[PDB]
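Structure 1 and structure 2 below are the same protein chain in two forms, each given by itself as structure tokens.
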Structure 1
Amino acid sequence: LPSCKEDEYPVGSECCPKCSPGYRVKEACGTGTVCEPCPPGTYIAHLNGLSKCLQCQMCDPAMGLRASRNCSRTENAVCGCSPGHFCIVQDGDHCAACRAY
């Protein structure tokens, strides 16, 4: 009847622990869950009840964008502007669009 805790997600009639950041679900609990590392070029930054990780953002310099932070398992890559450009469309720290000076 009561909800799973935050570290938990629902499986069948059970409430099973989530995988730590950088990990995807290998097999559900039944015992807790057995979490296994994100594959290369993917990540997850929060606790995870998924069997998939998130694809990393990449930075295409043919659009005047350069990686300001690299993609790890616990954090996504963040894009910045390549020289000669300034950012015109943002999402916090990630620049999604550049204009030439």
Structure 2
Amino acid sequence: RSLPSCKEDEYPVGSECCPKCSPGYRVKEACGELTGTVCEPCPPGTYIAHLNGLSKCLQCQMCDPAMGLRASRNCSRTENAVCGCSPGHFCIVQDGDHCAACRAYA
């Protein structure tokens, strides 16, 4: 038992669905009866990775050099940053499928 919902490409505004914004953009203004959804791109240091109805982009994660990490991919509008070992370091602590701390070679 679920309630009726919007499509995988839409999102609720009041009692109706509006179209979702593309990855990399957030909602600036909702549908009216005769206005499309107005999307605006994510500001620096934020991202949204999927189609969305979010009013605020998601904050990108920082990669901490003090933990031996650097970004192996930089934050972009559509994608969070991802962390890897700094040069001269190897991974010594794992968090699920990815590295969380690296150690400097002796």
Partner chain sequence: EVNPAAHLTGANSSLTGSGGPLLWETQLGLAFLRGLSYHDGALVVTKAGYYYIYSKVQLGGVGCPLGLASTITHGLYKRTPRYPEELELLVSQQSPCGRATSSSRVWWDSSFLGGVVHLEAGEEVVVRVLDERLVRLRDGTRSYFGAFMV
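Each residue is numbered by where it sits in the sequence of structure 1, with counting from 1. Each form is matched to the other, and the largest set of C-alpha atoms that superpose within 1.5 Å is called the rigid core.
| Given the two isolated forms of this chain, which one is the form deposited with the partner chain bound? | Structure 2, not 1.
| field | C-alpha of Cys87 off by 2 Å or more between the two structures on rigid core | value | The answer is yes, as the C-alpha of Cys87 shifts between the two structures by 2 Å or more after core alignment.
| For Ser13, what C-alpha shift in Å is seen between the two structures once the core is overlaid? | Displacement of the C-alpha, rigid core superposed: 2.2 Å.
| field | Inter-form CA displacement between the two structures at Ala62 - rigid core frame, Å | value | On core superposition, this C-alpha lies 1.1 Å from its counterpart.
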